[PDB]
């Protein structure tokens, strides 16, 4: 009843947290590539 | 209760989120360096 | 109704329902007896509500924590100490004040008697009066004796 529903909700929260883990890994992967263009611009052709 | 076990799994996944973000940041630094190296080598 | 934390059972809440089957572990009985407890568990709010105030017996209000009950007991001890102070030490102070007031009233009466004597005799201080607490017939006898100098 209520206990089983709470367990299902917490399992959904665990799934959401794991999805957030994967999303944060991909977010680091994208963000490291992001903002590199300006650094290369000031570092490579400015030099 | 199953709720306690599911909450423990949720806490484990929450910790794994912080773990995976930090783990992926270092590896993605390599991708950023690779893009910079391609731009330089050109 | 009040100060029910002193009889608390310390998932469960202070209810003491004075005149339940669910997936939650209702197989329990709280020790909130001075009242009685009912089968309830905090895993399901519905079970606790049914066992406390949903129907039938009503949940009795209690002090938030058993620490509140302990503080109430300590304040009761301090209040009893203050009342005992007011009833023994302040009572002795009141008795001393009553004795002082009696002495002051006697002094004022003596001053008034001296003034009355100065009015009815020589101005310099000189009195030969007396003070007592006789009955009404005693006052009549005193008046008969002192009718020579009556107001």
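Read the figures in this text as sums done on the coordinates, not as results from a lab. Every residue, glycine as well, gets a Cβ built from its backbone with ideal geometry; the counts of neighbours run over all protein chains shown.
Results for (1) surrounded by fewer than 12 Cβ atoms within 10 Å (Cβ to Cβ); (2) in a loop (DSSP other than H, G, I, E, B), shown as yes or no for each residue.
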{"site": "C:29", "(1), (2)": "no, yes"}
{"site": "C:39", "(1), (2)": "no, yes"}
{"site": "C:46", "(1), (2)": "no, no"}
{"site": "C:50", "(1), (2)": "no, no"}
{"site": "C:62", "(1), (2)": "no, yes"}
{"site": "C:67", "(1), (2)": "yes, no"}
{"site": "C:71", "(1), (2)": "no, no"}
{"site": "C:74", "(1), (2)": "yes, no"}
{"site": "C:77", "(1), (2)": "yes, no"}
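Among B:25, B:7, B:17, B:3, which is surrounded by 13 or more Cβ atoms within 10 Å (Cβ to Cβ), under 30 Å from residue A:40 (Cβ atoms) and in contact with a helix residue (DSSP H, G or I) (Cβ under 8 Å, 6 or more places away or on another chain)?
B:25
When you check residue A:46 against the structure, is it more than 23 Å from residue B:25 (Cα to Cα) and within 7 Å of chain B (Cβ to nearest Cβ), yes or no?
For residue A:46, the condition - more than 23 Å from residue B:25 (Cα to Cα) and within 7 Å of chain B (Cβ to nearest Cβ) - is not met.
Of the residues C:104, C:66, C:71, which single one is away from chain A (no Cβ under 14 Å) and touching a helix residue (DSSP H, G or I) at 6+ places or on another chain (Cβ under 9 Å)?
Going through C:104, C:66, C:71 in turn, the sole match is C:66.
Just give me the residues in the stretch A:2-19 being facing chain B (nearest Cβ under 7 Å) and closer than 19 Å to residue B:16 by Cβ, in sequence order.
Correct list: A:10, A:11, A:13, A:14, A:17, A:18.
Cβ-Cβ below 9 Å, separation at least six or inter-chain, first residue in the stretch B:29-41 and at the interface with another protein chain (Cβ under 9 Å from one of its Cβ atoms), second loosely packed, with under 12 Cβ neighbours inside 10 Å and outside any helix (DSSP H, G or I): which pairs?
Final answer for the pair search is B:32/A:35.
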